[PDB]
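Trainee: Chains V, F, W, A, E, U, P, S, X and Y, in that order, give the protein sequences.
Quick note, the first sequence lines up with residues 947 to 958, 985 to 1028, 1034 to 1072 if you use the deposited numbering.
Quick note, the second sequence lines up with residues 739 to 781 if you use the deposited numbering.
Quick note, the third sequence lines up with residues 1 to 25, 34 to 65, 96 to 279, 291 to 558, 578 to 680 if you use the deposited numbering.
Quick note, the fourth sequence lines up with residues 695 to 697, 705 to 746, 775 to 794, 802 to 883 if you use the deposited numbering.
Quick note, the fifth sequence lines up with residues 198 to 246 if you use the deposited numbering.
Quick note, the sixth sequence lines up with residues 82 to 162 if you use the deposited numbering.
Quick note, the seventh sequence lines up with residues 296 to 335, 342 to 344 if you use the deposited numbering.
Quick note, the eighth sequence lines up with residues 1129 to 1137, 1144 to 1332 if you use the deposited numbering.
Quick note, the ninth sequence lines up with residues 262 to 391 if you use the deposited numbering.
Quick note, the tenth sequence lines up with residues 100 to 148 if you use the deposited numbering.
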Amino acid sequence: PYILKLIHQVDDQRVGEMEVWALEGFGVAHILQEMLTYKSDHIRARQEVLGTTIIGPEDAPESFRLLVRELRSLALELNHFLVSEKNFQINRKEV
Amino acid sequence: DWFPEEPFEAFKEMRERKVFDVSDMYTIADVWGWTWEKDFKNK
Amino acid sequence: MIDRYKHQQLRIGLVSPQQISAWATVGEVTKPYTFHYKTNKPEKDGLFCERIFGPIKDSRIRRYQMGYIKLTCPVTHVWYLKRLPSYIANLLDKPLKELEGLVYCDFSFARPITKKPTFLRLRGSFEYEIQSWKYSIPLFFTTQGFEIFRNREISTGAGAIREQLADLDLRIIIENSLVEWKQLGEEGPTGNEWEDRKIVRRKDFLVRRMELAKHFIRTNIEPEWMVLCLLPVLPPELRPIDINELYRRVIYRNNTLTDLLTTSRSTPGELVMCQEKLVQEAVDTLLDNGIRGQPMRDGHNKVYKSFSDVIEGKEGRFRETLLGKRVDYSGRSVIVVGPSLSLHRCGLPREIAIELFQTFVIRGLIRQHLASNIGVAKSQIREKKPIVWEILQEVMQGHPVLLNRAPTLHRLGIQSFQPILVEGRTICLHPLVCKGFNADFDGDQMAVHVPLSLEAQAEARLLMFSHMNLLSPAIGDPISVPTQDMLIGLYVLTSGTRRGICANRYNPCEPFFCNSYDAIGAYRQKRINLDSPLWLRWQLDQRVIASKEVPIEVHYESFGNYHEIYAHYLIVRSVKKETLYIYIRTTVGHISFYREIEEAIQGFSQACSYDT
Amino acid sequence: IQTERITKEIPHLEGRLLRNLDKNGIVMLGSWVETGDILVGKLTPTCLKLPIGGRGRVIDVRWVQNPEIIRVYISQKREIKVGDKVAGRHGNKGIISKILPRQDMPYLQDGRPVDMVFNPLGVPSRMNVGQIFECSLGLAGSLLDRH
Amino acid sequence: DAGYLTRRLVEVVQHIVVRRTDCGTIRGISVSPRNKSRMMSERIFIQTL
Amino acid sequence: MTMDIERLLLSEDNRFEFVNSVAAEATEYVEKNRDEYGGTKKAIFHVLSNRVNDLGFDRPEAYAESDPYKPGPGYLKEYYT
Amino acid sequence: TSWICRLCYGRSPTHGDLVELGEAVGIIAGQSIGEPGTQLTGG
Amino acid sequence: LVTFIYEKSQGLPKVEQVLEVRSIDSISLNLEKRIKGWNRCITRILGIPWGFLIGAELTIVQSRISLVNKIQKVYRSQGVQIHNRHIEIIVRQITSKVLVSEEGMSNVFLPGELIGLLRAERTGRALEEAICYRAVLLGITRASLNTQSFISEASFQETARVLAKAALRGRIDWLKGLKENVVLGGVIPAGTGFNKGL
Amino acid sequence: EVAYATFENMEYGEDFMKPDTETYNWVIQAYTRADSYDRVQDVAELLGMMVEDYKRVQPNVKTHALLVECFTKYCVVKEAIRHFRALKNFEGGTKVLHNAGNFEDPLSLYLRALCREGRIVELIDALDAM
Amino acid sequence: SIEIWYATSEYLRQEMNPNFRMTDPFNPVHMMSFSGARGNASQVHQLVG
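Here's what the structure looks like:
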């Protein structure tokens, strides 16, 4: 037969929203967090994540912080509080 | 599959199908012994 | 059992003008400017001013710190005015048409404030300007004294709404709405569908109104905040050089309104309103542009993307940015069939593996003193020393990776495999798992992610591996069932002897093997074919699955031995003894298939020798 | 690259990259180049390195010059390999997963080993029997020396 | 169409998680095998139980 | 190890608690001995090998295996894909 | 309606035993119905 | 020349029609006949604390068995085997809320309010302040927009409308769901993230 | 929500963790003495659980004290009267509802609510209890 | 025209498997579909019917 060679290897990432559903189905909460953290647009954590794995969170991701500003621009105040389970001490997580 | 069209017959279907029965038919007054509540409304 | 309590409240609400100022604390913006055309510098007090939004080049604060705009006249928030049903209309009980004309059709409203004394017979919204209100009343009370109580009697624009909202007695609103709602249901049916249609709308309006009022007094949200006097500004990083021209549009429109008020005795009315309705429109299109009756368009007739749009659609920063990320440690390349791979393994190319395990390889070089520091290791990796590949080979050993199909299909669209360094520049994949991924081999590219944290590596190995996910949760059926030529090969094996007229030319009117090993060995020596019938001396119990039928023929010898010929096996019993000899009529293919399963079980048991 | 001065060599660099740069700063016409080697040495008040995958021999270089424009052409002798896409004219697409020596490929009764092995399962599902006709007729045409 | 339906289906039950051992309910859906076989197969009736 | 992983889960009550316990113990191991779990020995595999050995069975430490037939230091085993 | 207990749900199809606490059983149900989406005369 | 007229004699769209519950008769064309007769008969045969209690339950229970049968009818016809659990979970959310009638007004439940069936059943068991509720079937799109979290509703659709309504009320979200913790990057309260890992 | 979360952990738990009369009082008290959004619906549902669990839990003096406190505060008086009538059957009676005049004394509110609602006949009955 | 050709087509599909089973059980096209490895009766019917 006559067989051609194609161009794909000559001419020539993002995790979608569905992969989140699959990860939640497995219940891999730490893996799911890892996708939306320093292995993403997260400057503070990614700055030292190289060096922790070279030698051997607690902050909202930049995406959430960016989301707050957009809602903050629409005269909407999005506040994240952590009411303590020990002494009921309410503290506002800065975003 | 399909409950009876007649509401009275539908009540019969619930009791045999354990959907609802008289044992589940109670209010706050009788379970808490509010005997005085009887003579305060239907007057 | 005490649950590990974790209470995390995430409240949202309207923001007071003071808290808007608190965000900018001073962040006042007055110049509708940006980076200079020539000097490439941010103008002072501009949309990119360094003083307002922090240093340009720490510099990370520009993503967070934001400024505000001081509007001379209040502006209604279009989310609560033109998004039907209007919360302002519900709260003020006035129909939306009256509110629209009060802020867009230069109408006037009577008695905006009730908490202060008033001396006028005027009642409500006046679509016509009062003749005596412009030259007679101001002259009588003098201009200086007239403006003191001017807004107390007649107010125009969003200022009328804001003062009216402030003046609202929320307790009273609940009381009179309830009795009005009670009164409407007292009459009952009216006999007319149209009248009954409207009585339902009014009753639901009253219920919605009092529900809105009951929420206001139980929270710290003031209804005046629906009409903002300060406009927050997005941080410059989030708006690099579309919405910038909107911000410069409201700023310069508002600034020129100041020039129409700060000047000595400007012309009121036709000029004051002109750049007071426009400033309302500028804030309107800035917040929400799709709800406008005449949405604003650019010179190229492009519909402006409002802040509502930047959080509504998929391109908005709500779904795409949050539900999914441009995850690092990702490598996309063509995949090929690794038929020799194990079910839980995947082959990674050297150039893809080194990219994913960049940090871990550097750690190995530093740990074993091959590289003094990070800089030496990175240069050494680029040098591609033979030691680097040896370090990479041991680094990937025991470190699972996640393989993801970008057009994801199932829960198996993302799964974890143990990577092994393989030759070539393509990702070898197990044939069975390529069905869980629907990985056709006419072209496919997978995204691979390497877990970093020890917790992530733990759950990747212990929850997502293919050896623990064999049943589909839909019904509980296996997913890694052999298919394609795997199923063909097994079918040929178990497709046994030709039977009946397909085996003998004429009506009749075979080797015996003491054990399965001889039958397999004879097949290897080409002595018998795969489908050629044979008799296997069966040492176990009766185990073959055949249709339950009486023997075809029983050869009962006179000495007590009787042979029972079944459809698929021969059983030799005796009366004197209890020998119970069984011979199975089968093929090498059935023996090979049975032996393969039995050997797999024994091989797995011996490897996992818990006995020792 | 569209232009800032093109230099023969940039400081704080070694001969691992600047080996092929010429007097102006362009590569030698006919010099082999690997990934990461500098092609045009520019200095702005900015360079041109060969990206990953790009490799081979430099064939042509253009000086245009008014900012100057430098265009450099590299020829790659891209032979077939694992992961390339091959397809017939009947929609029978295929990725290459294995490359075997000629002595272990299946061979005909004249001793010639086959060049490519296809999955027969593709035909019944995809229902393209034209390749079956073309395959057999191609063998006849080559033996009879016909087209 | 199926992909669009997946997003709506997962959203309505994205919050449902097994969080308690036994909720303590007493009411149970009653099923009888004699009034059911007249419509559906008996094999699928097994899967329901 | 795959059989051993399941064997541990047989005596477990919740597989999500098991992985959390394994991850917690693996983090404890690496903190004590930073320069041990980087190459041929993995922190998580060492935990799994220990947990099997705690049951009374025998496994190699961290399931690590060498290549007795490796000819030279520069020779790395090419995988026949 | 915001969660479900182990007994009320039942036995997990994947593991062949009673479901374990913390399983995202709602998302599993959503995918179990959406996945067969791409699978759905003589008279 | 002449024109004859002759008479000649459902997949994913059928399921979406059933799931979205755009019209009550759109799923079976017979459920409306049952409930409409039940609506104007049960509420008058029985008293105030039980006219709506079991009357709504009859609508809920009958809809539950009807909805699962119609959904399973599509998949079983196409040779698709799905356990009832994965469908009953979807139906449970759909047939969960109950709508209070316009007659019932009080400081507890105002008319035109959406509450859960368990909420109404428990409140009606104790209170007598005119708790008049009728069972309501919700589509998956509509039900997902009426939950205990605006973040999930906002990220789903109608983001401008959901946020605007929540902002006035000062809505508190306890992020007890899964999608809520995804957007803010927190560990989801499921799987390995259930409780706090202890 | 902090108190309710603990209640859920024990409501949907083992037999020895099942709530008793004292437990229901604390959960209701948390919702009644709330400095936040409306909680009358939650109290009614929480009360709905207690009446459903009648075979195990029976109300006490503190139970009706909070319900009268809750209903009078949320202006629902007809249900407040019902629990006050049951409250009168206890010897402690209004003194428990008084709470030493603390928490913006609910005992005065019940008297004041009846006066404004015009339910004078019930008002004279309340004075008899005092 | 529609019915006589549909009945003929269905009869050919109906008789396809028994013909393969009774005459050419080891036919390569038959074994690929009958074993369930690849393809179904409808696709084979497009080739041989």
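Backbone N, C-alpha and C define an ideal beta-carbon position, used for all residues, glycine too.
With distances taken between CB atoms, is the gap from W/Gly473 to W/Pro398 smaller than 8 Å?
Mentor: yes
Trainee: Does the CB of E/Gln244 have a neighbour CB from chain P at under 8 Å?
Mentor: no
Trainee: By a C-beta neighbour count over all protein chains shown, 10 Å radius and 16 as the cutoff for buried, is W/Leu130 buried or exposed?
Mentor: buried
Trainee: How do the stretch 1233-1243 of chain S and the stretch 1265-1272 of chain S stand: do at least 3 beta-carbon pairs fall below 8 Å, yes or no?
Mentor: yes
Trainee: Run the CB neighbour count on S/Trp1184, radius 10 Å, all protein chains shown included, and call it buried at 16 or more, exposed below.
Mentor: Using a 10 angstroms sphere on the CB of S/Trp1184, the tally of other CB atoms reaches 16 or more, which defines it as buried.
Trainee: Name the chain W residues whose beta carbon is nearer than 9 Å to that of Y/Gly135?
Mentor: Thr532, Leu536 and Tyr540
Trainee: I'd like the list of long-range same chain contacts for A/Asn725, defined as Cβ closer than 8 Å, with 5 residues on each side in sequence excluded.
Mentor: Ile707, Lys709 and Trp792
Trainee: Do W/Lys52 and W/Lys65 come within 8 Å of each other at the CB atom, strictly closer than that value?
Mentor: no
Trainee: Under 7 Å Cβ to Cβ from Y/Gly138, same chain only, skipping five residues before and after it: list those, please.
Mentor: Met131 and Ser132
Trainee: What did DSSP end up calling W/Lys135 once you bin it into helix, strand or coil?
Mentor: helix
Trainee: If we require 4 or more residues per run, which alpha helix (DSSP H) segments fall completely within the stretch 481-545 of chain W?
Mentor: DSSP runs (the alpha helix (DSSP H)) wholly in the stretch 481-545 of chain W: 482-485, 503-512 and 534-543.
Trainee: Do you know offhand how far S/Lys1313's Cα is from E/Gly200's?
Mentor: 18 Å
Trainee: Of the choices A/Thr745, A/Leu730 and A/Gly830, whose alpha-carbon is the least far from that of A/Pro803?
Mentor: Out of A/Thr745, A/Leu730 and A/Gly830, A/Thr745 has the C-alpha closest to the C-alpha of A/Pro803.
Trainee: Within this structure, are the beta carbons of W/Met264 and W/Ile126 separated by less than 8 Å?
Mentor: yes
Trainee: Below 8 Å between beta carbons: does that hold for W/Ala509 and W/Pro456?
Mentor: no
Trainee: For my contact list, W/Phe581 and W/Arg605 are in at a C-beta cut-off of 8 Å; report their separation, rounded to the angstrom.
Mentor: 7 Å
Trainee: Considering only residues of the same chain and omitting the five flanking positions on each side of S/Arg1168, which have a CB-CB separation below 7 Å?
Mentor: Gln1196
Trainee: Report yes or no: is there a C-beta of chain E within less than 8 Å of the C-beta of P/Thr309?
Mentor: no
Trainee: Determine the direct distance from the alpha carbon of S/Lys1204 to that of E/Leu246, and round the result to whole angstroms.
Mentor: 19 Å
Trainee: List, in order along the chain, the chain S residues whose C-beta lies closer than 7 Å to that of P/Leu302?
Mentor: Under the 7 Å cutoff, chain S gives no residues; its nearest Cβ is about 13 Å from P/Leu302.
Trainee: What do you reckon, are the CB atoms on U/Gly120 and W/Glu667 nearer than 8 Å?
Mentor: no
Trainee: Could you name the residues that DSSP lists as bridge partners for residue 88 of chain W?
Mentor: The residue list of chain W ends a segment at 65 and starts the next at 96, so residue 88 of chain W has no coordinates to report.
Trainee: So W/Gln467 packs on S/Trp1308, CB below 8 Å; how close in whole Å?
Mentor: Contact annotation, W/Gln467 with S/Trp1308: C-beta distance approximately 39 Å; criterion of less than 8 Å not satisfied.
Trainee: Using beta carbons (cut-off 8 Å, strictly below), is S/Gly1273 in contact with chain F?
Mentor: No, no contact with chain F.
Trainee: Keeping to the same chain, check which residues put their C-beta closer than 8 Å to that of W/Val359; ignore five residues upstream and five downstream.
Mentor: Answer for W/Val359: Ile292, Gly365 and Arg366, listed in chain order.
Trainee: Classify V/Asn1056 as helix, strand or coil using the three-state DSSP reduction.
Mentor: Reduced to three states, the DSSP call for V/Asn1056 is strand.
Trainee: Just how far apart, CA to CA, sit W/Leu119 and W/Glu325?
Mentor: 17 Å
Trainee: Classify U/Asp135 as helix, strand or coil using the three-state DSSP reduction.
Mentor: Look at U/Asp135 here: in three-state DSSP terms it is helix.
Trainee: So the beta strand (DSSP E) A/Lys829 belongs to, where does it begin and stop?
Mentor: Bounds of the beta strand (DSSP E) holding A/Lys829 are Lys829 to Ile831.
Trainee: At a CB-CB cut-off below 9 Å, which residues of chain W make contact with U/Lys123?
Mentor: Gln446, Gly447, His448 and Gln506
Trainee: Going by DSSP, name the residue or residues bridged to W/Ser193.
Mentor: W/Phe147
Trainee: Quick one: what does DSSP say W/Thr181 is sitting in, helix, strand or coil?
Mentor: helix
Trainee: Less than 8 Å between the C-beta atoms of W/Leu250 and W/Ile107, yes or no?
Mentor: No, they are not a contact pair.
Trainee: My understanding is that X/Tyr298 touches X/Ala341, with C-beta atoms under 8 Å, so please give their C-beta distance in whole angstroms.
Mentor: No, X/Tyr298 and X/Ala341 are not in contact; Cβ-Cβ is about 21 Å, not under 8 Å.
Trainee: If V/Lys951 sits next to A/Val734, beta carbons under 8 Å apart, how far is it from one beta carbon to the other, in whole angstroms?
Mentor: Incorrect: roughly 25 Å between the Cβ atoms, too far for contact.
Trainee: U/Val128 versus chain V: which residues are under 9 Å apart at the beta carbon?
Mentor: Going along chain V, no residue has its Cβ under 9 Å from U/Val128, so there is no contact; the nearest lies around 16 Å.
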